[PDB]
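Visitor:
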Ligand SMILES: OC[C@H]1O[C@@H](NC(=S)N/N=C/c2ccc(F)cc2)[C@H](O)[C@@H](O)[C@@H]1O
Ligand SMILES: OC[C@H]1O[C@@H](NC(=S)N/N=C/c2ccc(F)cc2)[C@H](O)[C@@H](O)[C@@H]1O
Ligand SMILES: OC[C@H]1O[C@@H](NC(=S)N/N=C/c2ccc(F)cc2)[C@H](O)[C@@H](O)[C@@H]1O
Ligand SMILES: OC[C@H]1O[C@@H](NC(=S)N/N=C/c2ccc(F)cc2)[C@H](O)[C@@H](O)[C@@H]1O
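What follows is the structure, encoded as structure tokens:
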């Protein structure tokens with residue numbers, strides 16, 4: 012149907028049809044009379060996966076023969092979403108499969124909706140890992156993602172009576188056709204025990220053993236025949252475990274609980290033993306696998332052949348684990364082992380919020396990982412000796428920089444461990460990396476300035492344009508060809524079409540089609556009715572106070588109050604959509620969801636409002652939902668308090684897909700506005716500097732309440748029970764926080780936000796000028812490809828050159 | 012190589028080779044350079060399973076179109092063993108696969124050893140279910156086996172320091188290629204809750220729900236293109252289960274524990290809640306599936332279309348569950364529902380030992396299954412009213428026959444429930460069925476004599492001759508053709524060859540080859556050395572006092588003592604092999620294993636004994652081990668106290684494979700001796716009548732100790748520490764039991780057993796006459812085919828005719 016989806020040749024279509032029928036019969040044990048829609052999905056998935064096999068085997072054989080430097084990306088999260096369409100896109104099979112299934116009397120898009128998301132992450136950090144794997148494969152790097160195969164991913168969100176309910180994401184229930192179990196590479200992982208000192212060094216003894224069994228998932232590059240591996244570990248008890262009899266077998270569950278469930282905290286730290294076990298489990302298994310692969314090729328050459336990237340501090344135990352193996356098992360001297368470790372490891376930081384930082388109680392590490400605690404103490408002593416030598420007499424620097432935090436309970440600061448033990452430390456957007464050098468890691472930057480880098484985040488244009496928005500991809504390819512898909516900078520060529528009447532019309536038509544499709548998806552699966560001619564105002568991301576869904580709520584209520592005051596005045600119609608999950612133990616975030624639905628309950632049923640304003644909470648926001656809503660959006664809400672969102676990546680997805688952005692100068696928003704031009708961005712609010720000035724003076728919310736009548740009215744409505752008639756004081760916690768304990772200064776940006784929103788509405792009244800500004804955004808979105816990000820990691824951190832060359836088919 | 016293994020045509024071999032390579036590549040994601048032996052096994056298993064698919068789909072479609080009466084065999088145990096060779100045998104693919112793998116440079120026998128046993132049973136009862144499924148498929152019956160898919164089967168036995176250790180049988184670790192998950196037939200099962208009475212009947216409410224997910228395994232008939240189904244249920248928590262958050266997800270394990278592990282008791286009853294849950298789980302899920310299939314075709328016709336066979340009392344809850352569904356859900360009146368239930372259900376009893384009988388405490392059923400308890404009370408009331416009418420004034424009969432047992436804790440006698448609610452009750456050998464009518468169910472037989480039947484057990488000659496003993500199968504087929512494999516009575520034709528010199532030589536040669544092969548298996552996998560010219564004296568079966576492994580031990584010690592007394596006298600050399608698992612909580616059985624190994628420790632290292640006597644404990648006795656040892660045996664030990672072994676089936680396996688039997692007149696031994704002739708059997712010991720006479724007088728072990736000097740010496744050796752020098756009193760429990768508390772009268776059969784064993788040795792000195800007696804045993808083993816057994820169930824209980832006709836290929 013459309014060109015970027017590839018060729019549908021007669022031989023290909025015929026062979027796909029034959030192989031689909033073969034799998035239905037031999038694999039699924041069905042014929043056409045009894046086959047369920049799920050059966051059809053599986054037949055297609057097996058048919059497509061067959062095409063990966065040859066390329067997967069030869070890619071891995073190629074790395075064995077050429078022995079390049081290997082990149083190991085360690086993460087506790089890989090937020091992959093669905094795999095079927097992505098595989099078809101990267102193999103150029105989409106049109107062929109569409110034709111083949113059509114001839115079999117099946118709708119492929121219907122089949123695609125059957126696949127479960129692999130929801131093995133919470134939000135931005137997990138999705139970043141996934142975009143990175145795509146880009147590393149596309150850039151021909153010998154890269155492996157290593158993580159945990161959680162039996163349960165991020166919970167499915169249900170909304171009951173306006174409240175979030177959580178249910179188990181049993182994503183493996185029907186079996187996962189995209190994985191291959193690798194039982195021959197099963198490895199032991201040790202816990203507890205004690206340290207013995209012998210004539211020739213320490214020994215870690217009397218440990219409990221849990222087995223780590225790997226499952227491999229293919230990561231195909233974009234039409235280059237490269238297929239890399241994501242290896243995820245599953246926990247298994249040994250067979251003599253606990254070995261009255263019945264109970265011993267039942268207790269195997271205790272060991273296997275390690276890989277049972279993803280912790281659902283986003284930017285928040287809970288010091289639970291199970292989480293610590295998960296972190297060590299992935300690190301211990303991964304490092305053994307890395308060492309094994311390195312020997313099957325003298326640890327001096329280790330950093331020349333191995334790079335380990337730590338995705339936040341979650342896998343920080345790789346640093347003392349590597350030291351443990353090198354010193355205790357391989358018998359290297361300390362200083363050489365340390366040199367190897369530092370040159371091998373690099374660390375990426377993803378947040379500056381203090382409550383999100385991992386600080387593990389010493390008593391936990393003492394019991395669970397006694398040898399690692401000893402190694403950490405020794406690292407700290409040697410590091411602090413370096414600090415004392417560089418800054419003689421500066422005793423407070425010594426306590427600030429210590430890996431060991433003193434107080435009620437002694438804790439290990441894992442970020443300090445990561446900096447000390449890594450040759451490179453990076454933030455994820457220019458402003459974030461600057462904040463790290465100026466504030467939270469200032470002392471470290473002064474000691475070792477060469478370690479600190481920036482690597483601005485990106486997203487893959489395969490999933491986030493070609494896959495989710497084929498209509499846009501096609502009209503772009505019509506003018507500039509297909510090369511931009513793996514070289515996104517080529518989108519600059521579209522600046523030549525900003526006055527092109529045909530292109531303006533096509534861009535606007537593609538958006539309308541996406542909006543119509545999304546309006547249809549809402550009616551069918553949720554029975555909610557929306558005006559597709561309204562401005563689609565979208566804020567989708569995890570629920571957090573810093574992200575300020577509450578500021579958006581205040582704007583929504585402002586618009587409602589203005590309409591009620593002057594009902595017969597024209598306003599640009601809006602559909603305001605807010606979606607995102609709240610961490611199950613985060614009370615304020617759960618109250619915010621309830622507020623949003625409560626506002627919708629009033630606004631959506633007011634006859635005077637009509638079709639001019641609707642507020643919809645998008646339930647169960649996840650990767651597959653993002654693929655649907657993002658192409659449909661007109662306005663992207665990126666409204667975090669300046670200095671709080673390290674980068675953001677949702678922002679980049681909206682930019683690439685033809686939405687304009689309303690945002691603060693925070694995270695990557697700054698660089699997006701720089702690329703597009705400030706005139707083509709809706710910027711409002713305090714800058715980082717203004718926030719600093721306010722903190723020095725002291726933030727007084729009452730001042731804003733006293734000076735802004737429209738704000739006072741909203742607070743009075745919330746307090747009095749206007750939005751909760753049966754429970755008048757339902758939102759008292761929200762009001763109290765806004766008035767007395769607001770870390771994120773919601774009121775301080777209110778006036779500027781409302782005014783800026785008026786300017787958005789003004790521009791939307793002029794469709795032609797709205798679309799020209801859109802074209803200017805899409806055209807300058809190139810920098811935000813994760814291909815650019817990964818090429819920078821490769822050159823500036825890992826010491827490897829990317830390659831756009833094909834492997835033989 | 013040999014004829015009964017089928018044809019190896021050029022087209023077949025070529026296609027097998029191509030498909031093997033295809034699976035190695037696409038399914039296993041390997042090439043020949045990295046492939047492990049396990050990879051090769053899996054490639055072959057997938058290659059073979061492909062051949063089942065068409066036949067499986069058409070068999071099930073045939074049953075749908077013809078709508079025959081369906082047979083449902085309900086069992087908590089299916090002891091299947093390995094599936095690869097069995098599938099090849101039944102599809103006539105063995106020679107073709109052997110040739111195909113040979114041309115690929117692989118040894119198929121080596122590949123076969125990689126497969127895990129499906130050890131989903133304990134012993135005879137579980138293995139009977141498996142032979143029955145084979146025979147039902149071979150006889151073209153529309154039959155389904157229904158059970159539980161245990162994650163852990165019967166434990167693997169390790170012997171450490173002469174003691175049994177248990178380890179978890181993680182048989183699914185690498186994945187099971189012989190099953191297909193059927194998630195679309197997932198059904199809810201209810202537990203706990205309470206009963207509410209409304210205007211129109213009882214309602215079971217406030218229950219907890221566990222999901223039952225089915226997995227289907229094919230059961231191929233012998234070369235008739237029939238493939239039946241064994242459907243096994245796995246327990247799964249619903250997604251909102253327990254739905261702080263982390264713990265709720267972790268607690269899903271509680272629901273899923275239902276299908277985690279097989280209870281390892283053999284002929285012993287433990288009233289544990291988890292076991293009760295397993296029993297209801299299989300019954301509730303199975304009955305819903307049965308009803309669903311019946312409707313997709325007025326409950327008057329239910330018994331015309333459905334038969335349910337209860338394998339012991341373990342699935343006895345089918346009776347009140349069927350009533351529950353018919354009365355509470357379908358709204359049938361009681362008397363009609365009862366009529367349907369009785370005509371649908373039949374019950375097979377497998378033991379007379381009182382400690383093995385299921386008697387569930389009322390308080391357990393009250394909490395777990397409140398509605399079922401009420402239904403059971405109502406069944407009991409109506410049944411006892413019938414008894415009172417038939418036997419007026421017989422108040423003690425009333426309490427004897429009650430389903431409710433009075434006392435300390437009230438219990439439900441599940442055997443009484445089964446008799447009351449079944450149209451047919453059978454024992455499993457003629458003597459056993461007679462004992463049921465005369466003793467434990469005498470009252471029931473008097474009330475309803477027409478219900479009581481005999482169905483003597485059998486074994487499948489596919490697994491237990493063709494598969495495990497191809498050499499014997501071949502020399503038989505040379506003389507009489509191949510028809511006997513599905514018509515075992517044809518073996519009578521071999522009586523014509525009892526004086527045939529060529530046949531005598533061939534029978535003896537096949538045995539020698541099997542013995543040499545088994546002697547080689549022992550050296551390689553266990554480093555134990557045996558004389559292959561010795562008489563192979565084998566007792567393999569679960570360890571139990573009633574089976575009298577202890578009597579065998581006394582004989583072994585007798586032989587050792589005789590040798591030590593007259594070292595230079597000739598004796599027929601023996602290798603005495605004993606194997607079997609002990610239930611983990613059965614102390615005396617564990618002590619018996621230790622005794623056996625302790626005897627071996629003395630006998631096997633005595634220089635004076637030489638190669639004349641060896642005692643070996645066969646570790647981890649299971650189906651795949653039985654397939655190896657049984658063909659190698661010369662003497663089958665079947666020495667249970669008369670009246671205690673209901674049938675035995677190991678006995679039949681040895682008879683079919685050319686061993687002579689030493690045995691008591693117990694279980695099926697009686698019928699075996701009747702078929703072969705008493706002259707061709709080594710019968711010794713008390714008959715049932717003699718045991719009865721001894722019990723009336725009182726059994727005094729001391730009498731035997733006082734009158735038999737050889738017995739006194741053995742007891743003195745055991746007591747003094749001759750067999751345990753470092754722990755002199757190790758065996759005091761054994762001695763004390765033999766002297767004061769022996770329910771099974773070991774001493775009473777000692778003298779006769781030893782004398783009989785002397786006659787065995789005498790015959791073995793004359794190889795030609797030994798072999799002629801063997802031929803007379805093999806020739807009369809026909810009756811003991813499970814094809815005969817199943818044809819009798821079909822005609823006399825189920826009301827269906829077996830068919831030897833082929834379905835189209
Ligand atoms: O789908 C059911 C089972 O599938 C198994 N995969 C097997 S047998 N081959 N895969 C081959 C493969 C080929 C190409 C791919 F791109 C990925 C996998 C998995 O090991 C198992 O964990 C899973 O439950
Ligand atoms: O760099 C990628 C993105 O990283 C995000 N961090 C996230 S999701 N941290 N989760 C931390 C976490 C902590 C404990 C957990 F149990 C789970 C997750 C940043 O907020 C965002 O600005 C940035 O764009
Ligand atoms: O082997 C890995 C997985 O295999 C799956 N089987 C699939 S995909 N097809 N089987 C088809 C089949 C064909 C012929 C047979 F005689 C049996 C099965 C099972 O459902 C799953 O529980 C198991 O873990
Ligand atoms: O009919 C077949 C065979 O049945 C046997 N019974 C067996 S194995 N009962 N197991 C009972 C059991 C009880 C509780 C459990 F948790 C497990 C098993 C008979 O002893 C044997 O003489 C006969 O040949």
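Chains as they are written, first to last, in the authors' numbering: chain A, 12 to 254, 261 to 314, 325 to 836; chain A', 12 to 254, 261 to 314, 325 to 836. A prime marks a further copy of an entry chain. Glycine residues also receive a C-beta, built at the ideal position from the N, C-alpha and C atoms.
Excluding the 5 residues flanking residue 344 of chain A' on each side, which residues of the same chain have their C-beta closer than 7 Å to its C-beta?
Guide: Cβ within range, chain order: 296, 297, 300 and 399.
Visitor: With which residues is residue 611 of chain A paired in a DSSP beta bridge?
Guide: Partner(s): none; residue 611 of chain A has no beta bridge.
Visitor: Report back the beta-carbon spacing between residue 674 of chain A' and residue 695 of chain A' to the nearest angstrom; my notes put them in contact at under 8 Å.
Guide: Confirmed, Cβ separation roughly 5 Å.
Visitor: Counting only Cβ pairs nearer than 8 Å, list the residues of chain A' close to residue 67 of chain A.
Guide: Correct list: 40.
Visitor: For residue 267 of chain A, go through chain A' and note every residue whose CB falls closer than 9 Å to its CB, in chain order.
Guide: Residues of chain A' passing the Cβ test: 270, 274, 277, 278 and 291.
Visitor: Between residue 595 of chain A' and chain A, is any beta-carbon pair separated by less than 8 Å?
Guide: No, residue 595 of chain A' does not count as interfacial toward chain A.
Visitor: Grab the span of the alpha helix (DSSP H) containing residue 30 of chain A' for me, first residue to last.
Guide: It spans 21-33 - the alpha helix (DSSP H) in which residue 30 of chain A' sits, taken as one unbroken run.
Visitor: Go through its chain and collect everything with a Cβ distance to residue 430 of chain A's Cβ below 8 Å, but skip five positions before and after it.
Guide: 403, 406, 407, 410, 439, 440, 443, 444 and 447.
Visitor: Any heavy atom of ligand 3 inside 7 Å of the beta-carbon of residue 194 of chain A?
Guide: No, since every heavy atom of ligand 3 falls outside the 7 Å radius drawn around the Cβ of residue 194 of chain A.
Visitor: In terms of residue numbering, what span does the beta strand (DSSP E) encompassing residue 495 of chain A' cover?
Guide: Neither: residue 495 of chain A' is in no beta strand (DSSP E) and is coded neither H nor E.
Visitor: Does residue 178 of chain A' get closer than 8 Å to chain A when you measure Cβ to Cβ?
Guide: Closer than 8 Å: yes.
Visitor: So what's residue 99 of chain A' in DSSP terms, helix, strand or just coil?
Guide: Residue state, collapsed to three classes: helix.
Visitor: In whole angstroms, give me the CA-to-CA distance for residue 577 of chain A and residue 539 of chain A.
Guide: One C-alpha to the other measures close to 29 Å.
Visitor: Considering only heavy atoms of ligand 1, does any lie closer than 7 Å to the CB of residue 497 of chain A?
Guide: The answer is no for residue 497 of chain A.
Visitor: In chain A', which residues lie with their C-beta within 7 Å of the C-beta of residue 250 of chain A?
Guide: Under the 7 Å cutoff, chain A' gives 178, 179 and 181.
Visitor: Which of the three DSSP states, helix, strand or coil, is assigned to residue 70 of chain A?
Guide: If DSSP states are grouped into helix, strand and coil, residue 70 of chain A belongs with the helices.
Visitor: Can you pull the DSSP bridge partners for residue 174 of chain A?
Guide: Residue 174 of chain A is bridged to A:171.
Visitor: Below 7 Å CB to CB, which residues in the same chain sit around residue 74 of chain A once its five sequence neighbours on both sides are set aside?
Guide: Cβ within range, chain order: 153.
Visitor: Between residue 300 of chain A and ligand 2, is there a pair consisting of the residue's CB and a ligand heavy atom that are separated by less than 7 Å?
Guide: Answer for residue 300 of chain A: no, Cβ out of range of ligand 2.
Visitor: Look at the Cβ atom of residue 504 of chain A, then the Cβ atom of residue 15 of chain A, and state whether they are nearer than 8 Å.
Guide: Yes. Within cutoff.
Visitor: Just to make sure I have the definition right: I need the residues of chain A' whose C-beta is within less than 9 Å of the C-beta of residue 759 of chain A. Which are they?
Guide: Per Cβ cutoff of 9 Å: no residues; residue 759 of chain A is ~23 Å from chain A' at best.
Visitor: Quick check on residue 240 of chain A' - is its C-beta less than 8 Å from some C-beta in chain A?
Guide: By this cut-off, residue 240 of chain A' is not an interface position.
Visitor: Nearest chain A' C-beta to residue 70 of chain A closer than 8 Å, yes or no?
Guide: No, its Cβ sits nowhere closer than 8 Å to a Cβ of chain A'.
Visitor: Quick one: list the residues of chain A neighbouring residue 163 of chain A', beta-carbon separation under 7 Å, in chain order.
Guide: Chain A residues near residue 163 of chain A': 266.
Visitor: Kindly list the residues whose CB is nearer than 6 Å to the CB of residue 810 of chain A, restricted to its own chain and excluding five residues on each side of it in sequence; keep chain order.
Guide: Answer for residue 810 of chain A: 702, listed in chain order.
Visitor: So residue 203 of chain A is in the beta strand (DSSP E); what residue range does that whole segment cover?
Guide: Where residue 203 of chain A is concerned, there is no enclosing beta strand (DSSP E), given that its DSSP letter is neither H nor E.
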